[PDB]
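Asker: coords please:
(one chain, ligands or ions: 2)
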Amino acid sequence: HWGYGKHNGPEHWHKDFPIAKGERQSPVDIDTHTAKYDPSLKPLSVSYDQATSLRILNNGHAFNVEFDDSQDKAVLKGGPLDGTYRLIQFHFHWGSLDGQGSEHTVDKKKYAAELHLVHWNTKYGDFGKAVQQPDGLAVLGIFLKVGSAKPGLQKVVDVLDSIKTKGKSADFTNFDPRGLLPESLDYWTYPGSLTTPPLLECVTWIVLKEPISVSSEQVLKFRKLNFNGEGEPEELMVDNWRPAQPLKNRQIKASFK
Ligand SMILES: NS(=O)(=O)c1ccc(NC(=S)N[C@H]2CCN(c3cccc([N+](=O)[O-])n3)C2)cc1
Ligand SMILES: [Zn+2]
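Answerer: Numbers count the residues shown, from 1 in each chain. Ligands and ions are numbered 1, 2, ... in the order given. Sure, the structure comes next:
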């Protein structure tokens with residue numbers, strides 16, 4: 001019964017998921033002055049032209065846009081990664097107000113929201129096997145700030161009224177995730193974890209430096225979703241973010257000088 005409420009939030013997760021206090025937990029604060037430029041990193045390769053979106057689901061914690069990952073259609077390669085990672089889903093974390101919502105922070109700055117594009121390593125054959133491995137997932141993280149509308153986000157915003165409550169889904173075909181990227185693919189990278197239970201330490205994090213701009217109207221529609229199921233007391237889906245975790249014995253590397 002984990003969540004983001006007064007009594008089941010991140011400070012409680014360690015009781016059911018002791019890895020919550022582990023050596024490679026996410027998210028983290030990115031100290032821009034201590035992150036080292038690594039000239040040996042490669043440009044990231046984001047190959048989304050053949051992406052097949054299928055469905056959008058309110059899972060009670062966020063909403064997931066789900067992809068066909070039954071073959072190598074939408075893949076992330078290069079940068080810090082060895083081999084090929086298949087896009088399985090994306091989701092967001094956001095705040096009750098614009099001054100909070102991101103999971104990663106940049107010099108302790110909180111963004112209004114953060115997009116996670118989740119990919120799994122095809123050398124492990126399926127997602128459930130990949131999450132048992134230290135290099136099993138690659139998550140591309142993109143900050144959202146409030147300003148101009150993001151045109152590529154509006155198809156997502158406009159379906160949210162149809163998946164208001166936990167367990168609701170809707171058909172969501174032909175959505176192009178390239179419309180969610182910023183101009184620059186400059187990034188920071190570090191080894192971490194899932195940011196929700198079960199908090200598995202299986203993620204190569206790749207966090208873009210350049211945020212995307214969304215409008216106030218767009219993020220207000222995220223904040224009208226519900227954590228609760230249909231006919232249950234209304235609990236607005238806001239502040240579904242985990243705060244920064246200790247960095248411990250880890251180095252954040254920058255792709256840019
Ligand atoms: N915040 S975060 O980015 O650290 C992060 C947190 C949690 C997850 N959990 C994920 S992607 N869980 C999996 C379990 C299986 N799974 C599938 C599998 C096949 C098809 C679908 N589907 O519904 O289309 N979903 C989703 C990953 C990433
Ligand atoms: Zn996430």
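
Asker: can you name the residue of this protein nearest to ligand 1?
Answerer: residue 66 (3.1 Å; CB to the nearest ligand atom). The way it works is simple: take the backbone N, C-alpha and C, and place the C-beta from them, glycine included.

Asker: test my guess that that residue contacts residue 57.
Answerer: Yes: between residue 66 and residue 57 there is a contact under CB atoms under 8 Å: 6.4 Å.

Asker: what's the closest non-adjacent residue to residue 101?
Answerer: Spatial nearest neighbour of residue 101, chain neighbours left out: residue 95 (3.0 Å); criterion: CB to CB, 6 or more residues apart in numbering.

Asker: so what's the residue count around that neighbour?
Answerer: Residue 95: 21 surrounding residues under other CB atoms under 10 Å.

Asker: likewise for residue 244?
Answerer: If we define neighbours as other CB under 10 Å, then residue 244 has 18 of them.

Asker: same question for residue 189.
Answerer: Residue 189: 22 neighbours (other CB under 10 Å).

Asker: ok, the helix or strand containing it: who's next to it in the sheet?
Answerer: In this structure, residue 189 sits in strand 187-192 according to DSSP states H and E. Using DSSP bridges, the strands paired with strand 187-192 are strand 203-208 (antiparallel), strand 253-254 (antiparallel).

Asker: can you put these in CSV and add mean neighbour count?
Answerer: Output for the strands paired with strand 187-192, formatted as CSV (neighbours: other CB atoms under 10 Å):
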stretch, mean neighbour count
strand 203-208, 24
strand 253-254, 17
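
Asker: dump these into JSON lines; add distance to residue 104 as well.
Answerer: What follows is those, written out as JSON lines (distance: least, CB to CB, whole Å):
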{"stretch": "strand 203-208", "distance to residue 104": "5"}
{"stretch": "strand 253-254", "distance to residue 104": "14"}
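
Asker: distance of the nearest residue to residue 190 once chain neighbours are set aside relative to residue 46?
Answerer: Spatial nearest neighbour of residue 190, excluding adjacent residues (CB to CB, 6+ apart): residue 252 at 4.6 Å. Taking CB to CB, to the nearest Å as the measure, residue 252 and residue 46 are separated by 20 Å.

Asker: do the same with residue 69
Answerer: For residue 69, the distance to residue 46 - CB to CB - is 16 Å.

Asker: over to residue 197?
Answerer: 28 Å.

Asker: which of the two has more neighbours?
Answerer: residue 46 (21 against 16).
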